[PDB]
Every structure is written in C-alpha cells, then in structure tokens.
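All remarks here apply to the structure that follows.
Protein chains: 2
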Amino acid sequence: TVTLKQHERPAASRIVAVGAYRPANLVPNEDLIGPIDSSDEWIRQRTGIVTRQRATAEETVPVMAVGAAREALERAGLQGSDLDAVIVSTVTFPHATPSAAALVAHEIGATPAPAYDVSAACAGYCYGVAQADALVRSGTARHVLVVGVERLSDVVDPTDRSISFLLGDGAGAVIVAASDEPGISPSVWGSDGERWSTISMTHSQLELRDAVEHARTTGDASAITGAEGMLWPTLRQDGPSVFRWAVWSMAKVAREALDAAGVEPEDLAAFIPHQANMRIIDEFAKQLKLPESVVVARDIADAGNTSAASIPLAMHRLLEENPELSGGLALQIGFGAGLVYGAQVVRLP
Amino acid sequence: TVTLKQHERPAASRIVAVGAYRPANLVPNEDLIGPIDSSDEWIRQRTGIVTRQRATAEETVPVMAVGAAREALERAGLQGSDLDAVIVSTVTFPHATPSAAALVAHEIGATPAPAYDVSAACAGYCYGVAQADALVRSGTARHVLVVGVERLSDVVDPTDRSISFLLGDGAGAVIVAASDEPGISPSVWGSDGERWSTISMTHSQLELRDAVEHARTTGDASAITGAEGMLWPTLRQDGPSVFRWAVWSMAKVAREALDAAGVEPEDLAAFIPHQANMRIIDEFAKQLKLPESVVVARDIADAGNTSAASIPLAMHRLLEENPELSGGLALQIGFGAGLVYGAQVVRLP
Numbered sequence: 002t003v004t005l006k007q008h009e010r011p012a013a014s015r016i017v018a019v020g021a022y023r024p025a026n027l028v029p030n031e032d033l034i035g036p037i038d039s040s041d042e043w044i045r046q047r048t049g050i051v052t053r054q055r056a057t058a059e060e061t062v063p064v065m066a067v068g069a070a071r072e073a074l075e076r077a078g079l080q081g082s083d084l085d086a087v088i089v090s091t092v093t094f095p096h097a098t099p100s101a102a103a104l105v106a107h108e109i110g111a112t113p114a115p116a117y118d119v120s121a122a123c124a125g126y127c128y129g130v131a132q133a134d135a136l137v138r139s140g141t142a143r144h145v146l147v148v149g150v151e152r153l154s155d156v157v158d159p160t161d162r163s164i165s166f167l168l169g170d171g172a173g174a175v176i177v178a179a180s181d182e183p184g185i186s187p188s189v190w191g192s193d194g195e196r197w198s199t200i201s202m203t204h205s206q207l208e209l210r211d212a213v214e215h216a217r218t219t220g221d222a223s224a225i226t227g228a229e230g231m232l233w234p235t236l237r238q239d240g241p242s243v244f245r246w247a248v249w250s251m252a253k254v255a256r257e258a259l260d261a262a263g264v265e266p267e268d269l270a271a272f273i274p275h276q277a278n279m280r281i282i283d284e285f286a287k288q289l290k291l292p293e294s295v296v297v298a299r300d301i302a303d304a305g306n307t308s309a310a311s312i313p314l315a316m317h318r319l320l321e322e323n324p325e326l327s328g329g330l331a332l333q334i335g336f337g338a339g340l341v342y343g344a345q346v347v348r349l350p
Numbered sequence: 002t003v004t005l006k007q008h009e010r011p012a013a014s015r016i017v018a019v020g021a022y023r024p025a026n027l028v029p030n031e032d033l034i035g036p037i038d039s040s041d042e043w044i045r046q047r048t049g050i051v052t053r054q055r056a057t058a059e060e061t062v063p064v065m066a067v068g069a070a071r072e073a074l075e076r077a078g079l080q081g082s083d084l085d086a087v088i089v090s091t092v093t094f095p096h097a098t099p100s101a102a103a104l105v106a107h108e109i110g111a112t113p114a115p116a117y118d119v120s121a122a123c124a125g126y127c128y129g130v131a132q133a134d135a136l137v138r139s140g141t142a143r144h145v146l147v148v149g150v151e152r153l154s155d156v157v158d159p160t161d162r163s164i165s166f167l168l169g170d171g172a173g174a175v176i177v178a179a180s181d182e183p184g185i186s187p188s189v190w191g192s193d194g195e196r197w198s199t200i201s202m203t204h205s206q207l208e209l210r211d212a213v214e215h216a217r218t219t220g221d222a223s224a225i226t227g228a229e230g231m232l233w234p235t236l237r238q239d240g241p242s243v244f245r246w247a248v249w250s251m252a253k254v255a256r257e258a259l260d261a262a263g264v265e266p267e268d269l270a271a272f273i274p275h276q277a278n279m280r281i282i283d284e285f286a287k288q289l290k291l292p293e294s295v296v297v298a299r300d301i302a303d304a305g306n307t308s309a310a311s312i313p314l315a316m317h318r319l320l321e322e323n324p325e326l327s328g329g330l331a332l333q334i335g336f337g338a339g340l341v342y343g344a345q346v347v348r349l350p
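Quick note, the sequences are listed as chains A and B, same order. Here full-length UniProt numbering is used: the first residue of the first sequence is 2, the next is one more, and so on. Here full-length UniProt numbering is used: the first residue of the second sequence is 2, the next is one more, and so on.
Encoded structure:
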C-alpha cells in the first residue's frame, strides 16, 4: 500500500508587514446629511466619524488591493513572486466570477500563486489571517498575502440612515510568513447564521435580474420607472442589534482570544478592533479593562468604516504614529454581516 | 518576554465522507437547441453531454448545499456541531453579503463554527480542499465541511453558444478530518490572472446598476427596453482557449499532483477531473497514461458541467456505482475562470 507524501511544517507564523491604500477623497459629514435629513454634529456624536474615505470610479477593488499589496511587499523586502498564496477579502467586487484575487495576483507579479476571494464581511481580514496562518503552519505556503478591501460606496443608499453614511472605501494588506517564533495566536472565529439578516442587502440580486429582464423582453419598464426605492441592492442594518452584539458578545470573543493566546490585557501594546463605530470601539475598550498604556485604534474618525480593510488600515496608522509598537502584541478582532467574527493576538511587524 | 500559545497539530488529514444534491429536473439537449440553433448531435459530439441538472426556484444555493452537507454528516456519523469550519465554494449566490456559508452553517446546526464563501470558480472545490487540509494539519480545525455548489442556470444566456448549454446545477460536499495517516496529498494549485477574461461575465454588475438606477430616476427607460442582449450579466468563455489550456497546461498540473503525492497512475483507483467537457476528460485520461483499471469519472454525460460541484458529485457517483473504490486513491483536478486550478490525490472515503 502506498503512503502519500506530506509537506514539512514550520514552527509558527508571523505578520511580517502591513500595507495600506487610502482614497484621497475624505468626504465630510456635511456632504451626506441632506438626503438622510440629519447633521454634522449628530453623525459625529453617534459614530465619531468626521470624514470617510470615498473612492473614485478608477479606484476599483483591484486597484486599491494592489497598492496596499505593493506597500506590504516593499516593507517585507519581498516581491510578488515570493508569494505562495493571495487571499482577498471583499464583498464589493462587481463580478460573480472570476475573483479579484486573480487580478491582484497577476498585477503584483505573484503568478502563478493560488488566488481566491473570501466572503466574511467585516470579519473578512481576520478570517483571512486565520486562513493564512493555517496555510503557513501546515507548510502549504511560506508567504501569504491577505488583503481586506472594499468599495462600499458602490452599495450604499444615500437615503439610508441605518448604515450608508458610516461606510468608506480602501484597502489594507498584510503578509503572513513562516516563522521560528509564534507571531499569531490561535484564531477565535465563528458565525451565527441565525442572525443572517441583521446586517444584509435590501434584496436579492435576482429581484434585479427579474425586473430588468422582464422590462427588456416585454418593453414594459414600469416597476422600474415607477420604483420608489432603489432596485440596485444596498447595505442595511439593524443598528441597535449590531451595538448589543458588537460590544457585549465580541467582548467575550476578545477575552477568549486573549485566553487562548496566553496573554493578559497588560501584555498588549495595542487594541485594534474593526472600526465599526466610535461608540462601539469605546465601550469595547472599556469592557476589556485595558490599562492606559494600551493604544486603541480609532482610525474610523477620518477613514469611516471600511469593513474588511478596517483593521489593517488602523494597524498601519498605529505603526506610523507610534513606530515603537513594532514587536508589540496587538489584539485584532473583526465582526460583521453573517453574523461572523474573527480574532487573534498578533506580534506587530 | 511573552510567548504566544499555539495549537497542537494532527499528524494528517483525510476525507471522511461525501454527500450530494442533484436537482431532479434532467434537461435534454432538445430543450436547449432552439435559441442557439444547434442540435442534439452537435452537443453530444462537442461536449459529451446528454442531459444536465437544472434547479427549480426553490433549489437555491443554500438549500442544495445543505442537502449535500447533511448527507455527508450522516455518512461520517457526525452532527453539525462536530464541524469546526464551513467552506462554501460558489459564485452564484445572489447576495454580495452576507455569505451562503453563514446560512448553511446555521441550518445544519454547525453554529458557532466559522463559515465563509470562497471564490475560485470551477477549481472552487479543489481550492476548498487545500484550505480544509491546511486548517486540519495546522490544528485550527479538526472537522471541516467543504461544499462546491452552484446554480449556474441563474447566470446563463439561453442564446449564448459558448457555454450556456454546458452548465448544470447542484451541490457536492465532503468532510475533511484530522487523521493519523495521510489521506490528502500536497495540493498543486495556482492562478494566471493574465487570462482573467478567458472565462468571464459579459459585463460588470455596475453597468446593470447604472442602467437601472438611471432609468429609475429619470423615467427614461431606453437602454433597457430595446436593449439587444441581456443587461443581467451572464457567463461566457472562449471555448478553444479553455480547451487548449486544459491540454497544454492542466494535464501537466495533474502529473505534478501525482509527483508531489509520490504516486503513480498504476496506484490510482480513480481519476476525478472537473467535469468540464467529455473530450477534455478523455484527453486527460490518455495524456496521463492511466491503466484500464483506473475508473474515470464521466458524470458530465448526465449532470452537465456543475463547476465547483462537479468533482464531489462525480466522486459520490463513482462510490455509489463502485462501492469497492472506498479506500482507494483518487486524483482530483479542477480548473476554471481566473484562470485558476487545483489538484490533489485523495483517499476515497
């Protein structure tokens, strides 16, 4: 009987660099308040957001992912061809198939590395890291690129007061590499599909299909011309439910991640939650009983909520503003539509 | 100072069961030839297809995925709560977010297992297996559900001669578990994003957005009525390039998988390529110098090309027809839009 061969496995893994792409357009509250009939001060008070990154038409998911990817590559002292896998976490690339990852892999010179997109909403980067970590520690890959990237502005309804004005665009990239010393703690990640509808689109793409093609065939374009709300599906959320879950449920996940890591809040150099909402971030930090020395990421004030991009973008900003955090421990925890969540303690690059 | 804890790792991984969902509506060539001005004969000679599976409106991606998954759990002697991760490979779930995996995980009682959709086209199941293998051998998961599932009928154009009549609907699933004996060989997987447009949608979802919202907000519904051709994006391909690529390139990837497995064609119980086209299957078989004793999967003749679902469906069928293949080595290889590909040698459950 034949025994199958197997890859050898390194001791551990580690994030060896972080890269960022931020659209230059920082939209202020005032530009958005009209159609949702609110105000600069209300938005600032409810969400702590002042400006959000808004991408132009040319700044597509692949464009943004590539820029972030290239910065990470340069900071790691690597090139595209050194990558053994490319994971792109996004829900806004406007093609069912093929993936954005395959374009990214090609553009950055990673061919022929395997390349795929992942769907895990705002937890997407942390899901990416769990996967990358698994790929490295099983000896499947020595260097894995993970990109959290979104052009959320493509799926907001300007009249929506549940989520539209919170969302921004951008890309954040990380490179996970084989390592001698543990740099990524065991992932704590999960789902609760019972609550699939808590953050979701207004309706299925098939409704859009059925309408447009019925209009096209029959020549009757009512139902479209007479439509009061957008037919293009857009993002929506039960705001209050998100808050209760985001804070009081995720706090248990974070403590679990710390516990599995073998780490106390005192050992952290930084706390980098997904940038969902300043109110969520604050209440979260309080619940974790962090000492004053732990730096809390609050990129959301200038970037808005960039979903999968949010954590690596905030990590990137943390390191620029405090270079001495490099080598320190950071708790990262993302959470979004699904519902899904993921967390790790990581040694910062 | 502080050393992060790490998970213990299993010696190996293996597939422990396979489940299937096949829509009952088998559609013969005759029902399709009209709009493409073709024939039964032409279709059989070009593709080897006699009928393809076609889902009803009720047979959504989650519904099919759930049926396949439940069969796999039952055959493995497991319940949903035994699963530590759920991976769904699909490109036809009609929601940008949240994922189909989140719903599937809930229906089967796998909550709170992490759950995500992967985008890797027809190589989707093979990508999923490589991921599942990494998750297990890294000790991140001990039981991983992988489901390739598509309702391709949602994204075909009945007038399209390049791919429409080739495609069928369905779900196949496997459970990958921690193992003492190697049951999954090192994956050979990759991408060539330079040929991203080789198999692609007719156009971006954004063009659909711009057309419908414009019509909705101006009342001018031209461009929708009197649009020749579908506004709803549909799948298409450059057939001769896909074929050329399969024979020039994928045959070689398949040999590499044997090499990396430490396995000869004489050692195979079965060959289970992605069911792209009967002629490609047959060319592969010849090109790989398979002995007569190796059973070749040809589910395509009855199911059509079910993309990500094709390998596990075909596997399910081989085991139903040749129960004694259980425990034998099977070479599986998927390849599709991206371009992307994956292959492994696997021990049949």
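We put the CB at the ideal spot given by N, CA and C, even for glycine.
Per DSSP, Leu332 (chain A) lies in no alpha helix (DSSP H); the unbroken beta strand (DSSP E) holding it starts and ends at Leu330 to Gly337. Within a 10 Å sphere around the beta-carbon of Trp233 (chain A) sit 16 or more other beta-carbons, which makes this residue buried. Per DSSP, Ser250 (chain A) lies in no alpha helix (DSSP H) segment and is marked neither H nor E. By the Cβ neighbour-count rule, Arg162 (chain A) is exposed, with fewer than 16 other Cβ atoms within 10 Å of its own.
In the three-state reduction of the DSSP assignment, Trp233 (chain B) falls in the coil class, being assigned neither a helical nor a strand state. Here the alpha carbons of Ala21 (chain A) and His317 (chain A) stand approximately 7 Å from one another. If you draw a 10 Å sphere on the C-beta of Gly184 (chain A), you find 16 or more other C-beta atoms in it, and that means buried. Between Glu195 (chain B) and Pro113 (chain A), the alpha-carbon positions lie close to 10 Å from each other. Leaving aside the five residues that flank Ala252 (chain B) on each side, the residues in its chain whose CB is nearer than 8 Å to its CB run, in chain order, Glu284, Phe285, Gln288 and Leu289. Counting C-beta pairs closer than 8 Å gives fewer than three between the segment 174-182 of chain A and the segment 177-191 of chain B, which falls short of the contact rule.
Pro29 (chain B): member of the beta strand (DSSP E) spanning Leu27 to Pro29, first to last residue.
In this chain, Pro274 (chain B) is not harboured by any alpha helix (DSSP H); it is covered by the beta strand (DSSP E) spanning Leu269 to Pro274. In this chain, the beta strand (DSSP E) harbouring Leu146 (chain A) covers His144 to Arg152. At the C-beta level, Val243 (chain B) and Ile200 (chain B) come within 8 Å of one another. For a cut-off of 8 Å, the C-beta gap from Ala222 (chain A) to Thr226 (chain B) is around 5 Å, short enough to register as a contact. Between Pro183 (chain A) and chain B, the shortest Cβ-Cβ separation is below 8 Å. Only residues of its own chain outside the window of five on either side were considered, and among them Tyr22, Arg23, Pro24, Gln54, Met65, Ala304, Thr307, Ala310 and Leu314 have a CB closer than 7 Å to the CB of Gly171 (chain A), listed in chain order.
Here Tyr22 (chain B) is bridged, per DSSP, to B:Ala172. Taking a beta-carbon distance threshold of 8 Å, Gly194 (chain A) counts as an interface residue toward chain B.
Between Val346 (chain B) and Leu259 (chain B), the C-beta spacing is below 8 Å. Counting C-beta pairs with one atom in each stretch, the segment 141-158 of chain B and the segment 83-92 of chain B have three or more that are closer than 8 Å, which means they touch. When secondary structure is reduced to three states using DSSP, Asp134 (chain B) falls in the helix class. For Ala124 (chain A), the CB contacts under 6 Å within the same chain, skipping 5 residues up- and downstream, are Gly335, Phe336, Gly337, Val341, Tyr342 and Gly343 in chain order. Within the segment 23-36 of chain A, contact with chain B at the beta-carbon level (separation under 7 Å) is assigned to no residue.
Close partners of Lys6 (chain A) in chain B (Cβ separation under 7 Å): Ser186, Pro187, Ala261, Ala262 and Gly263. Under the DSSP assignment, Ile200 (chain A) falls outside any alpha helix (DSSP H), being part of the beta strand (DSSP E) whose first and last residues are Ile200 to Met202. For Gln288 (chain A), the enclosing alpha helix (DSSP H) starts and ends at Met279 to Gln288. The Cβ-Cβ distance between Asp134 (chain B) and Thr91 (chain B) does not fall below 8 Å.
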